[PDB]
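Asker: Dropping in the first section of the assembly, placed as in the complex:
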Amino acid sequence: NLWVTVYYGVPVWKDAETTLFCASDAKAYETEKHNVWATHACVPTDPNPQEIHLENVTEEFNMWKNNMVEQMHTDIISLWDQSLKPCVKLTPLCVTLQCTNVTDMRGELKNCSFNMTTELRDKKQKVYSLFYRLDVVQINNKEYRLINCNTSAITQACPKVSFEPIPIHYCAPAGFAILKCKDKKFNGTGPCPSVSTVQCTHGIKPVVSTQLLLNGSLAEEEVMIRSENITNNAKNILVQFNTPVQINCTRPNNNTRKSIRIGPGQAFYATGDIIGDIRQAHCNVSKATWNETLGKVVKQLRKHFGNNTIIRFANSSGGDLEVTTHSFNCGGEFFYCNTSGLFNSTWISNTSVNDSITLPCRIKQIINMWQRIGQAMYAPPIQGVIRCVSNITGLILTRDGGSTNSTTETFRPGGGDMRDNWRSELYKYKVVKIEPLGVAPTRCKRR
Amino acid sequence: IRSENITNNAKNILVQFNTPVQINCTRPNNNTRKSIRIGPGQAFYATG
Amino acid sequence: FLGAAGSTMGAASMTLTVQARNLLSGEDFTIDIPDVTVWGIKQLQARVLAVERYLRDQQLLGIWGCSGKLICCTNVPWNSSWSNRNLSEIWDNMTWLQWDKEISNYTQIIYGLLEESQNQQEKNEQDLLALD
C-alpha cells in the first residue's frame, strides 16, 4: 500500500574524522601582545555556546581511539614552527665559548666570553654572555660550545610573542557534530548514559607539561583513573584530580637583558648579570594538600589492584631530561623540576607511615621538544623575577614490569608523548558526521 | 611516425615502437658515502 | 538538535526542521580577515569539503521526485521484500538508527527507483501528458 518518501534532516550520524578549527573567545584578541600563542586570526567563540542533551540515547566512547587528539597534537607542533619562522635565526652563535665558574651550588652558571659578528662584516665583536650548564657543552682554559650545534640548527623566539596558554575551543564545520559525555565518573571507555552535543568544545588551555597536568579541568566527585591498557605496564596511567593542587614555580634570579646588536636589523637578547638572590630555581608544593590528594588517589588504585596491597612511590627511572623531570614554561622561561621529593613515600592499606616542601629546578633556554631535529628554539631572557601560580590537575604515571605481581606494585612518573596531555581534556569528546538523508514508507504517493 | 611538420626539417620527428627494446644502464663503480658534517644540523654526502 | 535520535521515528518527525537548519548552514562569518599560509588552508579544507558534501545531498534531492527540502513523496511502491513489517512497528515501535540498520542492503536499490523509474520516466511521461 505505502510508498517511499524522502526525509531530509533525520537524526542519523556515523563516526568519522574531519578537520577541526579553533576558537579564541574573542577576548584573547584584546589581550594582544602581538599574537599570543595560537590566537592571531583565531575564530571568535559564540558568546552563547549550545549544549543539547539527547534523551534516551546511549553512545560508546573511546578516548584512546579519539582522532581529535592527533589533530591537536599536530596543531601545537605546526603552531610552534610558524612562530619560529619569521623570528631571528641564531645560526652564527656556534663560536667557541670560553667559560668560567660563577661566584655555591657547584657553579651552575657559566660566564662565557666569545667572538661575534657586528653589523659590519669587517671587524668582529668581543662580548660575554651567561648561559646555563644545560645549554653548553665543552669541547676538547675551559672552552665550551652550544649544546645544539652538533645535533641541529637553532633560532631565537621573538620577544613580542608569548607562550602563555589561552582557552581554545575546538569546533566542527558544517555537516559534522561533537558529542559530549556528561557523566560525573567516566574512564574514557564504555557506553555513556548521558550524552550531549555541542558545536564547540569547552575551554581548553594547551598547557604543555610533563609528570604534572597543569591548568586542566577538575573531575567530579571521586578522582578518576584512566589507562589504555591497565594490566599492561607498558601503557601510561592518566589521573584526573578532584581538588586543584597549588603549585609555585619561580625564577629566583633577577636578571637583565643585554639586547646586543648583531645587525643589520637583527638584535639578539643576551643574558646579563644576575642581581639578587644567589639561588637555583625552585618549586613549592604544600605538604598537606599533596598528601590529602595522595590518600584519595591511592584508594582508587585499589579498586583494581585489590583492596589490600602495598603501593610504593618513587621518582623517575631514567631517560631523556624531558622524561625524568617536570618540564613546562613559566613567564617565557622553561623550567625542569626535580620531583623526587614528592614521590618519596610508602603507603599502607589506608594510610602512610611540616608547613612546606620545595623542589630544585633547572633552566634550559635551548630546547628540542617532541624529539625534533633540525630546529632548536632559544628561550629569550626575561627582565626581573618570574613568579607563577598554577593548578595541578593530573599526572602521567607508569607501572614497573618487575613481577612479583601478586606481592606489591610501584608507580613512577611518566612522560614522552604529549598526546596524553590532550587526551586529558578530550576524553569526553569525539567527532561524528551527520547523515540527513532518509527514506520512509507512507501513503501520500503523488498526483 | 609522428611529426608536427614533416617536410620541414626544423621540426623533430617522434617515433613510437611496437616491440620494447631491452636497454641496460649501469654504474660500474662501487661507491661509498662520506656523509661529512657541515653543521649545525646540515650534513652533506660526499663521494668517497 | 538530534534530541529525537533516541526517540521513535514517529516523534522524530516533529523536530525534523531543526536538524535541517543547522546541518544545512554555516553563518558564523568569523575569521578569514587576516591572511595565513599555514593554518588557513586547514580552516578551508573543512568548509570546502563541507559545501561539496552539501551539494552532493542537494543533487539527490533534485534528481529525485522531491525538488524541495524537508519531506517530499514519490510514486515508488514499497516492496514487500524490503523490511516486511507492521506500520505501527515502524514509526511507533522503532527508531531511525534501528531503521536504517536493516534497510542497509536495499538502500542502493531504492535510490535507483527514485532517479530512474521516476524522474527519468515521470518527466518524460509528464511531457507526453502536457502535450494534450
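Answerer: Received it, and whenever you're ready, just let me know what you need. Numbers count the residues shown, from 1 in each chain, chains lettered A, B, ... in the order given.
Asker: Quick one: name the residues of the stretch 51-200 of chain A near chain C.
Answerer: For the stretch 51-200 of chain A, the contact set with chain C under C-beta under 8 Å from any C-beta of the partner chain comprises A:52-58, A:78-79, A:82, A:172-177, A:197. Placement of C-beta: from N, CA and C, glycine included.
Asker: Would you write a PyMOL line that selects the buried entries of those residues?
Answerer: Buried residues within those, by 16 or more other C-beta atoms under 10 Å in any protein chain shown, are selected in PyMOL with:
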select buried, chain A and resi 52+54+57+172+173+174+175+176+177+197
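Asker: OK, contacts around residue A:445?
Answerer: Shown in contact with residue A:445 (C-beta atoms under 8 Å, 6 or more residues apart in numbering or on different chains): A:3, C:73, C:74, C:75.
Asker: Report the beta-bridge partners for the first one.
Answerer: For residue A:3, the beta-bridge assignment (DSSP bridges) gives partners residue A:442, residue C:77.
Asker: Tell me how many other residues surround it.
Answerer: 17 (other C-beta atoms under 10 Å in any protein chain shown).
Asker: which residues touch it?
Answerer: Contacts for residue A:3 (C-beta under 8 Å, 6+ apart) come out as A:441, A:442, A:443, A:444, A:445, C:73, C:74, C:75, C:76, C:77, C:78.
Asker: buried stuff in stretch C:44-62?
Answerer: C:46, C:47, C:50, C:54, C:57, C:61.
Asker: quick one: which of those is nearest to residue C:101?
Answerer: For these, the residue nearest residue C:101 by C-beta to C-beta is residue C:57; the value is 20.5 Å.
Asker: so the closest one sits in a helix?
Answerer: Yes. Assessed with DSSP: H, G, I helix; E, B strand; the rest coil, residue C:57 lies in a helix.
Asker: Make sure it is actually in contact with residue A:434.
Answerer: No. Residue C:57 is beyond contact range of residue A:434, at 10.6 Å (criterion: C-beta atoms under 8 Å).
Asker: these two touch, right, residue A:225 and residue A:239?
Answerer: Yes. Look at residue A:225 against residue A:239 with C-beta under 8 Å: they come within range, at 6.0 Å.
Asker: Which of the two has more residues huddled nearby?
Answerer: When residue A:225 and residue A:239 are compared on other C-beta under 10 Å, the one with more neighbours turns out to be residue A:239, at 22 against 18.
Asker: For that one, what are phi and psi?
Answerer: Dihedral angles of residue A:239 (phi, psi; degrees, to the nearest 10) stand at phi -120, psi 140.
Asker: For it, name its beta-bridge partners.
Answerer: residue A:225, residue A:395.
Asker: my guess is it meets residue A:398, correct?
Answerer: No. Counting by C-beta under 8 Å, residue A:239 stays clear of residue A:398, with 11.8 Å between them.
Asker: Kindly incorporate the sequence below as chain D:
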Amino acid sequence: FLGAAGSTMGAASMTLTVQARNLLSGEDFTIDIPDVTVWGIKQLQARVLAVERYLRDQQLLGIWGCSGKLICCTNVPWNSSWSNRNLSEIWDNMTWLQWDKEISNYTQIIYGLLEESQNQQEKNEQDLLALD
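Answerer: Below, chain D sits with the chains from the block before:
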C-alpha cells in the same frame, strides 16, 4: 555518458539523466588531507571555477520557467524565423551537435523570452490570479 552525441536527438533523450549526474557532481573525496602551498592551489583552481560554472547553470534553471532539473517546459511560442523545420526533421533526422549549430544566432534571443517574457511577467501574472 555522451554515447548519444552521435545519435539522433530523439534517441539522445533517453540517456539524458546520465549526463546530468556526472556533470553535476564531484564525490571523489580524495586528497586535501595533507597541505601543500604549491600544487594544492592548482587542484583548487579547477574545482572552485567548477562550482562557479555550476551555479551559473543553476541560475538560468531557476530564473526561467523550470525551477527543477532535467526537462521542464515553458509558455514561449516557437518562432517560425527560428529554424523553420519539420518536426521529424529535428528529433528523428537531426542531431544535437548539428542542432545547436544553427540556433547559434537566436540562442541569446530565446534566453530573453524565458527570463523576461515569462518568470518576470508570469509570476506577476500568477500573483494577480492568486488574489481572487
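Asker: Please reconsider the buried residues of stretch C:44-62 now that chain D is part of the model.
Answerer: Using 16+ other C-beta under 10 Å as the test for burial, stretch C:44-62 gives C:44-50, C:52-55, C:57, C:59-62.
Asker: before we move on, what about stretch C:98-107?
Answerer: Buried-residue list, stretch C:98-107, by 16+ other C-beta under 10 Å: C:99, C:100.
Asker: quick one: contacts of that stretch?
Answerer: A:12, A:438, A:439, A:440, C:9, C:79, C:81, C:82, C:83, C:90, C:110.
Asker: For the fifth one, which three-state class applies?
Answerer: Right, the one you point to is residue C:9. coil.
Asker: quick one, phi psi at it?
Answerer: According to degrees, to the nearest 10, residue C:9 has phi -60, psi -30.
Asker: follow-up on the earlier one: which of the contacts of stretch C:98-107 lies closest to residue C:40?
Answerer: Taking C-beta to C-beta as the measure, residue C:40 sits nearest to residue A:12 out of the contacts of stretch C:98-107, at 32.2 Å.
Asker: hang on, the earlier thing: farthest-separated two in the contacts of stretch C:98-107?
Answerer: Between any two of these, the greatest separation by C-beta to C-beta is 22.8 Å, found for A:12 and C:81.
Asker: For those two, indicate the residue with more neighbours.
Answerer: Counted by other C-beta under 10 Å, residue A:12 and residue C:81 do not tie: residue A:12 has more neighbours, with 21 against 9.
Asker: Can you tell me the closest non-neighbouring residue to that one?
Answerer: residue A:435 (4.4 Å; C-beta to C-beta, 6 or more residues apart in numbering or on different chains).
Asker: how many other residues sit next to that neighbour?
Answerer: Neighbours of residue A:435 under the rule other C-beta under 10 Å: 17.
Asker: residues touching it, list them.
Answerer: A:10, A:12, A:13, A:14.
Asker: what residues are up against the closest residue to the last one other than its chain neighbours?
Answerer: Meaning residue A:14. In space, not counting the residues next to it along the chain, residue A:14 is nearest to residue A:433; the distance is 5.8 Å by C-beta to C-beta, 6+ apart. Neighbouring residues of residue A:433 by C-beta under 8 Å, 6+ apart: A:13, A:14, A:16, A:18, A:175, A:176, A:177.
Asker: rerun that using 7 Å as the cut-off
Answerer: For residue A:433, the contact set (C-beta atoms under 7 Å, 6 or more residues apart in numbering or on different chains) comprises A:13, A:14, A:16, A:18, A:175, A:176.
Asker: From those, pick the one nearest residue D:117.
Answerer: Using C-beta to C-beta, the contacts of residue A:433 come closest to residue D:117 at residue A:175, 40.1 Å.
Asker: Residue C:53 is in contact with that closest one, correct?
Answerer: Yes. Counting by C-beta atoms under 7 Å, residue A:175 touches residue C:53, with 5.3 Å between them.
Asker: next up, chain E:
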Amino acid sequence: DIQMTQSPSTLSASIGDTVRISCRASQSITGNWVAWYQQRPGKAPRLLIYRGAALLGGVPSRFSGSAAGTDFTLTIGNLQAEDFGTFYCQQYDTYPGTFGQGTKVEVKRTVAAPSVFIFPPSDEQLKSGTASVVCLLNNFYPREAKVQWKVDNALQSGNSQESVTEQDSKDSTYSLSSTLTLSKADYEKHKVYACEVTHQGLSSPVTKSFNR
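Answerer: So that you can see how it sits with the rest, here is chain E on the chains above:
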C-alpha cells in the same frame, strides 16, 4: 521465537567441488540478520559470515553467502580439506538468537564395505556375573549404518549400546562398535547369538554369529 531449518543434515562432497548449504527460517528475516559458523570436530565453532553475505576478515574468498526473505543459503566453491566439518546457521534478528539443525560436511570417496568381526565374551568376564557380546565394524563409508541383534533368530531391544569413531584423518572412514550387556543367568538360557549388519558397501545382508 524463530526456528531454523537446515538441509541437508549431512552431505558428501569432494575436493574442488562447489558446496551449497541452505537454511530456512520460521518467518521472513529482512535486514538479513543471519550468521554462518564453521566447527571442526573437537574444536570451538568459528564465525565465518554475518549479515548473510558479509564475510569476516581472514576468511578465504571461496566462501559466499546469499540472503533472500525466508530462504537463506551459504555457497562454498572449490572445496578443500580444512573446510570439512559441521556448519550452523543462526539468526540474531530477534530475541533470543536461535541456531539451525546443523550441517555436517563429510569427505567424499568411493563407498567402502566394512569388515565385520564378532567377539565372544571373555572368560574372566563370565565370572563377574555379566556377559557382553561385541560386534565390530571396521573401516566403512559413510558413517550411517545399522546393527541389529538376533538371539536364536529373535531380535533384542534395549541393553544395547553402539559406538562410532570420528572420520579417519587419511582414509576418511568410520569405525563402529556394538555392545550388548546382559546378565549371566539370561546368557545361559540361549544358544546362538547373531550380529546382523546392513550397509551401502555390502550390497547384501551380512550376519556374524558364534556357536560358543
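Asker: The contacts of stretch C:98-107 again please, this time with chain E.
Answerer: Residues outside stretch C:98-107 that contact it (C-beta under 7 Å, 6+ apart) are A:12, A:438, C:9, C:82, C:83, C:90, E:30, E:31, E:32.
Asker: Contacts only, for residue 163.
Answerer: Unless you meant another one, I'm taking chain A. Counting by C-beta under 7 Å, 6+ apart, residue A:163 touches A:37, A:329, A:332.
Asker: oops, chain E please
Answerer: Residue E:163 neighbours (C-beta under 7 Å, 6+ apart): E:176, E:177.
Asker: Any idea how many residues pack against the residue in chain E that chain D sits nearest to?
Answerer: For chain E and chain D, the shortest gap (C-beta to the nearest C-beta) falls at residue E:54, measuring 23.3 Å. Residue E:54 has 13 neighbouring residues, counting by other C-beta under 10 Å.
Asker: Quick check: nearest residue in space to it, chain neighbours excluded?
Answerer: Using C-beta to C-beta, 6+ apart, the closest residue to residue E:54 is residue E:65 (7.5 Å).
Asker: Dig out what the one you found forms beta bridges with.
Answerer: residue E:74.
Asker: my guess is it meets residue E:53, correct?
Answerer: Yes. Contact criterion C-beta under 7 Å: residue E:65 and residue E:53 qualify, at 4.1 Å.
Asker: So these two - more neighbours on which side?
Answerer: Between residue E:65 and residue E:53, counted using other C-beta under 10 Å, residue E:65 has the larger neighbour count: 21 against 17.
Asker: Next up, the contacts around the more buried one.
Answerer: By C-beta under 7 Å, 6+ apart, residue E:65 lies in contact with E:36, E:49, E:52, E:53, E:74.
Asker: Closest to residue E:21 out of these?
Answerer: Residue E:21 has its nearest neighbour among these in residue E:74, at 4.8 Å by C-beta to C-beta.
Asker: Distance check, the closest one against residue E:103.
Answerer: Counting by C-beta to C-beta, to the nearest Å, the separation of residue E:74 from residue E:103 is 9 Å.
Asker: Kindly report the residues of chain C close to chain E.
Answerer: Within chain C, the positions lying close to chain E (C-beta under 7 Å from any C-beta of the partner chain) are C:81, C:83, C:84, C:101, C:102, C:105.
Asker: can you do 10 Å?
Answerer: Neighbours of chain E within chain C, by C-beta under 10 Å from any C-beta of the partner chain: C:80-85, C:98-99, C:101-106.
Asker: Show me the helices in chain C, by range?
Answerer: Along chain C, counting by DSSP state H, helices occupy C:16-24, C:39-63, C:87-90, C:96-103, C:107-114, C:121-129.
Asker: Quick check: closest non-adjacent residue to the residue positioned nearest the centre of chain C.
Answerer: Nearest to the geometric centre of chain C sits residue C:57, at 6.3 Å (C-alpha atoms, centre = their mean). Excluding the flanking residues, the one nearest residue C:57 by C-beta to C-beta, 6+ apart is residue A:437, at 5.9 Å.
Asker: Many thanks, we can stop here.
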